[PDB]
Amino acid sequence: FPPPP
Amino acid sequence: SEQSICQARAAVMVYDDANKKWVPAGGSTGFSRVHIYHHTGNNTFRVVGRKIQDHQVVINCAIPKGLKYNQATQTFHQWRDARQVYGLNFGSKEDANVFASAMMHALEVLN
């Protein structure tokens, strides 16, 4: 998954 | 028909792969009231979110069996499908925890 905001 | 099993407040986001940034779902910035709906007859689930202010639908995605729900942080959760990565930036830790609980309940039914 991509990193959070 | 459609039964809501959870109601949480969160800003729905989608990941912009190219710019490596998260962007507001539906291009409408702000929080949404996000529900997990259980279609009793079909025994399927979906996440639906509408902006709290103008009620615009920003997300309407199915929750497939085997879905991997990631709780990146205490207030940001995400999941994906073949086309995009969805993210929920909850208004509070309480909103996040309850939504996570409902998701696990839906997955227990699906898995």
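All values below come from the heavy atoms of this structure, side chains included, with hydrogens, waters and symmetry mates left out. Every chain is numbered from 1, with letters handed out A, B, ... down the list of sequences.
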Exercise. When you look at B/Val23 and B/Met13, which way does the side-chain contact (heavy atoms from CB on, under 4.5 Å) test go after all the steps?
Worked result: CA-CA 5 Å; B/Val23 301; B/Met13 318 286 274; over 6 Å; no
Exercise. Going through the distances and angles, do B/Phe99 and B/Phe90 end up as a ring-ring contact (aromatic ring centres under 6.0 Å, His included)?
Worked result: CA-CA 9 Å; B/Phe99 189 89; B/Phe90 298 87; 5.5 Å; yes
Problem set entry | ILVMFWY cluster, B/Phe45 and B/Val58 together (side-chain gap under 4.5 Å) | yes
Problem set entry | Whichever hydrophobic residues join B/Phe31 through chains of side-chain contacts under 4.5 Å | B/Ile52
Exercise. Between B/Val47 and B/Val34, does a side-chain contact (heavy atoms from CB on, under 4.5 Å) hold up when you go through it step by step?
Worked result: CA-CA 7 Å; B/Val47 181; B/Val34 188; 3.5 Å; yes
With 3.5 angstrom as the limit, list the donor-acceptor pairs from chain A to chain B, or say none if there aren't any.
| residue | atom | partner | partner atom | Å |
| --- | --- | --- | --- | --- |
| A/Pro2 | O | B/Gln78 | NE2 | 3.2 |
| A/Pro3 | O | B/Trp22 | NE1 | 2.7 |

Problem set entry | B/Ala25 to B/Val14 - nearest heavy-atom pair and separation | CB-CG1, 4.2 Å
